[PDB]
Every structure is written in C-alpha cells, then in structure tokens.
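Counting starts at 1 for both ligands and their atoms, following the listed order. All residue numbers refer to positions in the sequence shown, counting from 1.
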Amino acid sequence: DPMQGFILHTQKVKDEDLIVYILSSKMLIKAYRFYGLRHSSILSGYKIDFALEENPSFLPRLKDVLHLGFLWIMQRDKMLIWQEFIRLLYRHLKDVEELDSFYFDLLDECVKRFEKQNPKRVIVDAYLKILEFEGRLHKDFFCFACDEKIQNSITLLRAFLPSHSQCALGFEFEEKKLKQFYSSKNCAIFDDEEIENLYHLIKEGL
Ligand SMILES: [Zn+2]
C-alpha cells in the first residue's frame, strides 16, 4: 500500500543506511532505508511516495521510494528556506507519533505556494495556521509580563507571544496590521523587513 510523506530528518546508520523520519497524513514515521546514503531521492524536505515493511521489535523498512519533485526544487534560495522550516518542524514534532492530517496537508499547500510566492511569506502564513490549529495564537494583545492591554504597537516574541516594548525585547508591529494578518491569514499587509522579523521569531522555534 503506497503512502506519501515529507522527509523531516535523516541519520546515517551502519555503512550506508539511513534512518528516515517521514511526516505522513497520519503519523510521524521513523523508518529504516537500506543504502539510503546513495539515494538522491532521500533528503530532508523532499516529498516521497513509499511503502513500509513492518519488522518485529524494530523500525519499519522504507521501500518502493519515488521522489515527488517540486517545480521549484532547483532554486537553491527557496530550498534553503524550505529546509530551515522543515528542520524547525522536525524539532517541534520530534516526540510525536500519530498526528492530525493538518500538518501533511499544510506542507503540501506550502509546496504549491512556493512556486510563485516569497518563501518567507509562505512560511510566515503557514506558522500562523500552526499556532491557530494548536490553540496557541494570542489574538488578544495582553502582555505576557504585566497582563495589561497592549495598544497600537505590539511587540512579538517567540510563538508570536505579545508584549509591551517596555516589558520585553522583541519585534514591533502595528496593531491594525497584526489584526489584519490574524483575520485574513495573509501576511501581505507586512512589508519585506517586517516579514524578515516575523521569520526571525519563527527561527526561535515553533
Ligand atoms: Zn507589559
């Protein structure tokens, strides 16, 4: 039975084999690939079609691997950003087994949007969806530190946690624009430098 997934991480084992961590629509899989170091289809961030052979008391063996390429796979700039996000997502999901199809479907949509959109903008939009799906999005701007309302200029920290600029160091964004971003799920309201700063917050960890 074929399955599809995104490779989130690989680790060399034995001479040329790989342990391959794969996000599917049902599960984060930890699988064993014979001679995986030789296989140009097996790289973090790649999407694959594959099958699994179950093994008693051991990892499933990764078989029947077909690389599902991206239209933009040759653009090293975009692939760098993609692999940064994938590594952040691996660390976020590292201890998870079963999970919602949300995560696989989110990555599928990112890959599509990567064709024509700015990769950092796509990741910023995607992270907003992760926060909302996990119930971690603070749409009310109450300061994490002093518990008071924050108005007009909002400081954001890791995981878009809100603060007064006088209460914590982070990056500042206009309230009206953050509200538009959170409502529309579209970071188009922010200019390029604001996107860069949201992306720096994402790189603190999901
Ligand atoms: Zn405060």
- Query: Are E172 and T155 linked by a side-chain donor-acceptor pair shorter than 3.5 Å?
  - Reply: yes
- Message: If only side-chain N and O atoms count, and only distance matters, is there a donor-acceptor pair under 3.5 Å linking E132 with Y182?
- Response: no
- Any side-chain donor near an acceptor of the partner, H92 and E134, under 3.5 Å: yes
- For the pair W72 and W82, name the ring-plane relationship: parallel under 30°, tilted 30 to 60°, perpendicular over 60°. perpendicular
- Query: Parallel, tilted or perpendicular: which describes the rings of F133 and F102, with under 30° parallel and over 60° perpendicular?
  - Reply: parallel
- Run through the protein N/O/S atoms less than 2.8 Å from the Zn ion (ligand 1) and write them out by chain and number. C143 SG, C146 SG, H164 ND1, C167 SG
- Any donor-acceptor N or O pair under 3.5 Å, side chains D17, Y32: yes
